[PDB]
Amino acid sequence: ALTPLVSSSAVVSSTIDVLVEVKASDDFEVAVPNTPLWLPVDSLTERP
Amino acid sequence: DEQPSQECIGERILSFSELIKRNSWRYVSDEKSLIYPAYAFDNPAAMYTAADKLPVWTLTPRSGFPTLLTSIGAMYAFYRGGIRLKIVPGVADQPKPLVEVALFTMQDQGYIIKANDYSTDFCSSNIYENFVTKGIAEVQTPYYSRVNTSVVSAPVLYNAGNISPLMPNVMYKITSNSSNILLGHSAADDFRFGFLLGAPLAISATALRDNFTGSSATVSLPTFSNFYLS
Amino acid sequence: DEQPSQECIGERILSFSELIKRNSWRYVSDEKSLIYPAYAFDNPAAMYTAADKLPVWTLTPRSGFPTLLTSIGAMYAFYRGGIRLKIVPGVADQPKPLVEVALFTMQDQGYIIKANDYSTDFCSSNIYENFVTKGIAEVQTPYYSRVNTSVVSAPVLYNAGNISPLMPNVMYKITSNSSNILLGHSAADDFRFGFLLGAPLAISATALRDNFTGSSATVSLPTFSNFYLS
Amino acid sequence: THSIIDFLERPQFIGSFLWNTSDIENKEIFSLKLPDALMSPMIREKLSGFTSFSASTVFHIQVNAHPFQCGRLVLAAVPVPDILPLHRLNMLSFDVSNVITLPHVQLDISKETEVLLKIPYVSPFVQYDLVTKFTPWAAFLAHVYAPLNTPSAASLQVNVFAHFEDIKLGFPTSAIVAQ
Amino acid sequence: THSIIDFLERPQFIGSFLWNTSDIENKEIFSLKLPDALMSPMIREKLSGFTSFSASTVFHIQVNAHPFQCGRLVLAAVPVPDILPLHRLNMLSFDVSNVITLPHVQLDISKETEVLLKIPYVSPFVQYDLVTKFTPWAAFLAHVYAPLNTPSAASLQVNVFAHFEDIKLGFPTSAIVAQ
Amino acid sequence: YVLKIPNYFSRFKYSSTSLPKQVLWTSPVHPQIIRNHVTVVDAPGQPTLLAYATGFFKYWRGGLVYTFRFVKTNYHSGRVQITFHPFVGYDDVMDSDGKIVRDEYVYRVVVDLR
């Protein structure tokens, strides 16, 4: 931050959410495919 | 710049289409004669726990374990095209070395794994491969679908039998003379996935060796090592 | 004048590049299922003595014995490119004649030999060869490196695991059904060594049969003869 | 006008080293690590704010012998010292011949007052990691080839000067120059 | 490629300064000396090895007021502060009008979120003496023109950013950057 | 196609509280971005799409497109600097007070919220 988020507490919340998304750039590359790090399932649950 | 990929890797990969032509293992059976549901793309149901003296993770496969194929497929809603099938033997039975894979289409039969009972399904597409001479059995499977667009892991139903439109209404009948057999599949040449959704429900794989509850890691996967040594 | 070479030898050799494509033997194992560190290029540590009733020389291999490959490599600092791998069996197991070599990449695993424990490393690059029908297993291995220039016999560290940049972060998982197995390697087509340093630390080979201390020559090498007859 | 490079191209006095009658064949006069040996405050200041860098490296060795003193040095280079298989590193301290095989240059004090050597950046890493400080990419070393041969015992100062060339800097950063 | 200048041209955060309702006409928010205020380690490092330097100087002032707050600042410049006849220096703290006469720019928070000012090097000396440190050649100052006018008392952060331009370096030296 | 699909992976808050140079948010720059399972609470967690995909390989390289959305009205006003610090971890970017360190030395991206 550089400045506090100065606002009129009189009519607006003095705190706000900031959302962050990511995607890959153009130059993005991967390689060496093998056993994956992740493994997919049809459901996940606690054991009895 | 495609320099790094040529200087270090020696290849460069651009679509999962490329990847899913690599054959990965799916499921194991003890049945000499088995009915397998080719276009089943489900994955196991998982169970986690923190409590002492309990195996941390546990996996209930409905139709098999995650292949590259299914692992990828999870991301998409639809599929079309055909698939390949690879088969490995516990036993190279010198005097009965043969394998039959046959096209199985019985209408009433249910679309999940089951041992062969039918003795009366004459005149079907039969491929034969010799376990002794050619170590592995290799097969290709037409999409043979009632529709142009099928669904990833379609919820099968009790008497969806083998005529659900949401898949190709076709299964494998595999009759070997190895007690134990190891199944794997990649996608065929013409195969394609459709309508990307997001990440699928998933958990670390490297994590499946967790045993911090003292109770040792039980859950194993169908790999060659695990199969061939029993 | 290239006359002599044509009149007597029948060939004429100009670079070690030529030589290191010849497959030489490296190491032996008793493990049906083994994890080998492909790009290990170390050689044994040696011990000499003059005292009576002691074997003169003795050799402690960390990752194997000198192949042409490593023997040469010792002269250079760096390497790049891929390698070949040849495998020989104690046992042509008729009913389980198969070999798996698979690409092994587990991040935490350590970059030195160890017997396979993991049962949960699904969907990896797997090659299969049939020991019965094709006597030997033959394989090629991509450089698959994180960098364009790797180091001859990089000092591995306790948890350098399998992600050290100074090598390709890749190993072999070899699952056979021969109790005993003999490993060998040559360099691949694209392989190259770099930055010549001088002679490496070395000792006469013919000398390894020394027994002047009375105590007979113990130290043997992985050759075919030595393997096949046990 | 002036620029960062100009500084790294500046030739620094690195050290004076003793070499005396008693020193014998393959006796090491010095063994200096790249880039460590050049990392003077001057350099560090200007390299500050950058993740890493690579360069070729120039080495002037200076030896002011007088007419009646004969002797002979090697100056050689060796890569990535930190991670070379020990047997190599040893072979060097063992036998001068395993230095003569290297990238080197000989110096004969009777003839020459000086000689140079240039060493390119060579490594798996594309630059010297200035934060991780991961492996100095080479090292110069001066073993005695033929020992200093005065009638009566005496000793001589081997000076070293050096700078970079063909310089390349990494992305800039709030990370700090490795101590 | 990179060069010393590039660093001095880099715009630094110089300070955040409080300005609140109570602050009154001609109340000084800050008074920053050139070059002192910009002499961060980063700069000092790169300026090391040089007798002196001169430059124009860019000043961004940042004030994130919200719609219902009105107020007004001056940002002005003044030369060679250290040696100006006192009465001048005083006249500035005395009366905002003697700042309005200066080289300055006004800022109205309701309209503008920011404003700049550039200041050339101006001095008897041709450069800032980096060893003698003899007279900072100017100083920026921000007096309040029209006080912050919220209904109920409140306060606001005045940020400052700045860098050099039109840079010129002196002969290089073993003398050290004045503390 | 796939890796360029946006993965929402994190949020935070900006407020009246927040102070000059106060770090508000950090992330290491890499593709293995993860979430928490809802059902249970394992350590590994639920991978983002990106992570899941990249997960099929060992090696990666390239740049990443990060996107910030400031859910606000016009009657908010403030500035924020986004900065990237290569070769340094998220503890080391802020001093003991949670104030940013040596911002001077990098790509800086000022954002006026007016």
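For clarity, chains are labelled A, B, C, D, E and F in written order, and residue numbers in each chain start from 1.
One rule holds in what follows: contacts are C-beta pairs under 8 Å (C-beta built on N, C-alpha and C of every residue); 3 or more make two chains touch, one makes a residue touch a chain.
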Contacting chain B as well as chain E are chains A, F
Report which interface contains more C-beta contacts, comparing E-F against A-B. A-B
Averaged-CA centre spacing for the pair chain D and chain B, given as whole angstrom: 61
Provide the C-alpha centroid distance between chain A and chain D, rounded to the nearest whole angstrom. 49
Length of the line joining the C-alpha centres of chain B and chain F, rounded to whole Å: 39
Each of the following residues of chain E touches two or more other chains, namely 13, 16, 42, 62, 64-68, 157, 159
Mind pulling the chain C residues that touch 2 or more other chains? 105-107, 121-123, 125, 144, 146-148, 169
Among all residues of chain A, those touching at least two other chains are 2-4, 6-8, 27, 29-40, 44-46
How do the chains pair up in terms of touching? List each pair. A-B, A-C, A-E, A-F, B-C, B-F, C-D, C-F, D-E, D-F, E-F
Residue ranges of chain C in contact with chain A within the complex: 103, 105-106, 121-125, 144, 169-170
Provide the residue numbers of chain E that touch chain F in the complex, in ascending order. 10-13, 16, 40, 42, 62, 64-68, 113-114, 157, 159
Can you list the residues on chain D that touch chain E in the complex? 1-5, 7, 42, 45-46, 48-50, 169, 172
Interface with chain D, chain C side, in the complex: residues 42, 74, 77-78, 147-155, 165-166, 195-201
Would you pull the chain C residues touching chain F in the complex into a rising list? 105, 107, 144, 146, 169
